[PDB]
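Written out below as structure tokens is the structure these notes cover.
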Amino acid sequence: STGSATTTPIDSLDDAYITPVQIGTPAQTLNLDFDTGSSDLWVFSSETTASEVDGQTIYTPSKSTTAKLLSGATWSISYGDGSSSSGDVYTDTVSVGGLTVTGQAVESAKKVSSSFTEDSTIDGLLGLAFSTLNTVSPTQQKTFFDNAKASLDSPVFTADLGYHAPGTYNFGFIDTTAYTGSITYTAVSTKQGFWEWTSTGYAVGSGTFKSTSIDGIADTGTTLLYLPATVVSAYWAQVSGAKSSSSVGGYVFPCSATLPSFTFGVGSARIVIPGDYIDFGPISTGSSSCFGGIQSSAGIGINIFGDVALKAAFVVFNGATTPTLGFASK
């Protein structure tokens with residue numbers, strides 16, 4: 001089997017991407033944030049504290065003939081940005097782009113933090129990291145991908161995120177028309193439960209490539225590119241007037257600037273992030289100070305190849321017995 005679904009930016013900045021997901025019988029379609037940095041599929045639901053729901057579409061398990069309470073199971077998750085959610089668990093039929101899993105754990109939110117409430121466009125998350133990170137207790141549950149894997153034509157999914165435009169998540173096949181050149185594959189460590197890999201270095205603009213190992217995660221659920229302070233300083237030093245602002249919470253730059261590109265290494269290959277991808281616009285409405293798309297990972301504890309980086313590539317998440325990641329230009 002295979003599946004193919006379009007993923008769409010939630011706003012004009014590409015802050016996140018939503019993908020329609022069918023849950024239950026008859027289908028209830030919710031728009032979920034596919035997150036290769038976590039491993040829970042959770043939704044706003046009829047059980048979510050009413051004051052914490054503001055415009056989201058909810059899953060109502062009582063209206064699904066295939067929903068079953070997973071008795072005794074609870075979940076609770078905290079994300080890197082400080083947001084969180086928790087609740088109980090149903091199993092139900094879940095389909096993405098024509099690919100159906102029966103008996104998928106669907107984690108129903110009883111509580112969500114303010115950032116989720118305030119984002120009316122995101123009805124929940126669909127985790128695509130390794131199932132060892134799943135938070136369901138006392139019986140850990142499998143991700144949608146893990147459940148689908150055996151049935152897929154090939155044990156892979158791909159992320160093809162757009163810049164200010166829709167893109168695609170495919171399951172079970174590699175669309176050879178979706179990228180240019182060849183796909184370069186690189187080793188993955190699953191030790192921390194992430195799609196963790198080591199970039200071979202970077203360049204700023206038309207500058208020379210610096211060969212240096214940068215361990216990080218491929219994370220579709222993180223907006224920006226978070227890299228070591230040394231790398232980030234070297235980038236922003238090429239932008240007149242750019243500075244790190246503790247009050248704003250990162251590097252900012254004059255909105256009048258033209259940003260240089262940023263290149264990262266994948267083995268001997270190179271992925272170029274155009275400068276415009278690094279512009280996250282005014283820090284506040286009407287400001288002439290703009291927020292940068294490359295930020296320091298110092299004090300996160302991990303480097304994160306978030307959407308800024310991934311949307312410059314066609315990315316293969318290979319879930320074979322020995323997992324790997326592939327990157328192609330597009």
Side-chain angles (χ1 to χ4, degrees), residues 14 35-38 79-81 128-130 133 158-159 161 163 179 181-190 192-239 242 244 249-251 253 259-275 277-280 291-318 322-330:
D14 297 348
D35 181 13
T36 62
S38 68
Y79 297 101
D81 64 356
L128 290 168
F130 292 88
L133 295 180
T158 64
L161 304 178
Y163 169 66
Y179 58 87
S182 50
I183 305 176
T184 299
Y185 291 86
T186 196
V188 163
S189 172
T190 63
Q192 293 191 91
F194 300 121
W195 293 91
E196 185 171 3
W197 64 290
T198 301
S199 171
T200 49
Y202 70 98
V204 176
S206 60
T208 61
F209 187 85
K210 175 71 168 182
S211 292
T212 186
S213 291
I214 305 169
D215 180 290
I217 67 169
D219 187 359
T220 59
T222 290
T223 312
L224 306 184
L225 175 53
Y226 293 90
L227 292 173
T230 48
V231 176
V232 177
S233 182
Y235 179 80
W236 290 109
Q238 299 304 311
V239 179
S244 184
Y251 281 90
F253 68 93
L259 298 176
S261 64
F262 184 90
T263 302
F264 63 93
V266 184
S268 57
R270 307 289 180 253
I271 299 293
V272 181
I273 305 170
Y277 289 28
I278 298 160
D279 177 18
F280 279 73
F291 198 67
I294 296 177
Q295 295 295 344
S296 179
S297 65
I300 291 175
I302 196 163
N303 300 305
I304 307 174
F305 294 87
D307 299 333
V308 164
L310 303 181
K311 76 179 84 169
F314 177 87
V315 188
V316 181
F317 294 79
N318 170 28
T322 296
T324 65
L325 275 171
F327 291 83
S329 295
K330 68 186 183 191

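Counting begins at 1 with the first residue of the sequence.
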- Task: Decide side chain to side chain contact (heavy atoms under 4.5 Å, CB included) for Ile278 and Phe253; before the verdict, give the C-alpha distance in whole Å, the side-chain angles of both, and the deciding distance to 0.1 Å.
- Result: CA-CA 11 Å; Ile278 298 160; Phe253 68 93; 6.0 Å; no

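- The main-chain N or O of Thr220 is found under 3.5 Å from a side-chain atom of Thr36 such that the two form a donor-acceptor pair.
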- Message: Could you walk me through whether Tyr251 and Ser233 satisfy the side chain to side chain contact (heavy atoms under 4.5 Å, CB included) test, starting with their C-alpha distance in whole Å, then the side-chain angles of each, then the deciding distance to 0.1 Å, before giving a yes or no?
- Response: CA-CA 9 Å; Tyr251 281 90; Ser233 182; 4.0 Å; yes

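- With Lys210 contributing its side chain and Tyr202 its backbone, the two residues share no donor-acceptor pair below 3.5 Å.
- A heavy-atom distance below 4.5 Å is found between the side chains of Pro228 and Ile214.
- Nearest heavy atom pair, residue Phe317 against residue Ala159, reads CE1-CB, 3.9 Å.
- Distance CG/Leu325 to OG1/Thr186: 7.5 Å, rounded to 0.5 Å.
- Of the possible polar contacts, one joining the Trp195 side chain to the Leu128 backbone as a donor-acceptor pair under 3.5 Å is found.
- Contact detail for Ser182 and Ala328: the closest heavy-atom pair is O-CB, 3.6 Å.
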Donor-acceptor pairs under 3.5 angstrom involving side-chain atoms of residues 300-311: please list them, not counting sequence neighbours.
| from | atom 1 | to | atom 2 | distance (Å) |
| --- | --- | --- | --- | --- |
| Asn303 | OD1 | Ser297 | OG | 2.6 |
| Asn303 | ND2 | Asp215 | O | 2.8 |
| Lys311 | NZ | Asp14 | OD2 | 2.8 |

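- The side-chain heavy atoms of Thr200 and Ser213, taken from C-beta on, include no pair separated by under 4.5 Å.
- Remark: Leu133 CG to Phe194 CZ distance equals 5.5 Å, nearest 0.5 Å.
- Closest of all the heavy-atom pairs between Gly193 and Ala129 is O-CB, 3.4 Å.
- Of the possible donor and acceptor atoms, one in the side chain of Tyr235 sits under 3.5 Å from a partner among the backbone N and O of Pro260.
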- Task: Report the C-alpha separation of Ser261 and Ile273 in whole Å, then their side-chain angles, then the decisive distance to 0.1 Å, and conclude whether the side chain to side chain contact (heavy atoms under 4.5 Å, CB included) test is met.
- Result: CA-CA 5 Å; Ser261 64; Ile273 305 170; 5.9 Å; no

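- At least one side-chain heavy atom of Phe314 sits under 4.5 Å from a side-chain heavy atom of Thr158.
- Contact check for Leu225 versus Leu227: side-chain heavy atoms found under the 4.5 Å cut-off.
- Here the side chains of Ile294 and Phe280 are not in contact, with every heavy-atom distance at 4.5 Å or above.
- Applying the side-chain contact (heavy atoms from CB on, under 4.5 Å) test to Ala203 and every residue at least two apart in sequence or in another chain returns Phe209, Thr263.
- Put simply, the side chain of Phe130 reaches to within 4.5 Å of the side chain of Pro323, judged on heavy atoms.
- Taking the side chain as every heavy atom from C-beta outward, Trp197 and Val266 approach each other to under 4.5 Å.
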- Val232/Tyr226 under side chain to side chain contact (heavy atoms under 4.5 Å, CB included): CA gap, chis, key distance, verdict: CA-CA 8 Å; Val232 177; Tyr226 293 90; over 6 Å; no

